[PDB]
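A.B. asks: sequence plus experimental coordinates follow:
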Amino acid sequence: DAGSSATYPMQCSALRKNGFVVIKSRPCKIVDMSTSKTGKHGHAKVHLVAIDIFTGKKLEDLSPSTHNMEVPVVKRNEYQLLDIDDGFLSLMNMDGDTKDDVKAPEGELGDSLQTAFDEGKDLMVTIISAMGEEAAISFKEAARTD
């Protein structure tokens, strides 16, 4: 069919390391990039080596330098954890409500997170936003006073 948001449109020559890019319909952080000539004049090919912002599973891409590759937005949001339980996450917010969604332990991060939590401490957990589907990444600590 068709949707739906994000992304942007950006020319393949533009982006650089640490930037974000949708490759094979998957959002990735740019890890390495190059520019070969093959051509002829006046030409170059951008070779983007990029890790997906979720699983990791390294992705590559070879496009004309001129070519426009789709770039995703990334919201990094540091919401406070509340309860697990379960099932799942949960968090709370700044603010707010919320969520009901999110599930990632992962982990490593899983383990950590639960072991946590179960000890004590109220935790700060950032979540990353890929077009629609999301997930946690950082697990932290508050600095409470008033």
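C.D. replies: Ah, there it is. Residues are numbered from 1 along each chain as shown.
A.B. asks: so the residue nearest to residue 76 when sequence neighbours are not counted, which state does it fall into?
C.D. replies: In space, and not counting its chain neighbours, residue 76 is closest to residue 126: 5.7 Å by CB to CB, 6 or more residues apart in numbering. Where C-beta positions appear, they are placed from N, C-alpha and C, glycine not excepted. At residue 126 the chain is in strand, as set by DSSP: H, G, I helix; E, B strand; the rest coil.
A.B. asks: next, work out how far apart residue 126 and residue 23 are.
C.D. replies: Distance, residue 126 to residue 23, using CB to CB, to the nearest Å: 23 Å.
A.B. asks: between those two, which one's more packed in?
C.D. replies: residue 23 (18 against 15; other CB atoms under 10 Å).
A.B. asks: my guess is the more buried one meets residue 48, correct?
C.D. replies: Yes - with contacts counted by CB atoms under 8 Å, residue 23 reaches residue 48, the gap being 7.2 Å.
A.B. asks: what are the buried residues along the strand ranked longest in the chain?
C.D. replies: Looking across the chain with DSSP state E, the single longest strand is strand 27-36. Using 16 or more other CB atoms under 10 Å as the test for burial, strand 27-36 gives 27, 28, 29, 30, 33.
A.B. asks: what does it rub up against?
C.D. replies: 13, 15-22, 44-54, 58-59, 65, 72, 74, 130-131 (CB atoms under 8 Å, 6 or more residues apart in numbering).
A.B. asks: for the chain, what spans make up the strands?
C.D. replies: Under DSSP E, the chain gives strands at 8-11, 20-22, 27-36, 45-52, 59-64, 68-71, 76-80, 124-129, 134-139.
A.B. asks: just the CA trace of the first one, in PDB.
C.D. replies: These are the backbone C-alpha positions of strand 8-11, laid out as PDB (Å, rounded to 0.1, in the frame of the first residue of the first chain):
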ATOM      1  CA  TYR A   8      13.300  12.500   4.900                       C
ATOM      2  CA  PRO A   9      14.700  12.300   1.600                       C
ATOM      3  CA  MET A  10      18.400  13.300   1.600                       C
ATOM      4  CA  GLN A  11      21.000  13.000  -1.200                       C
END
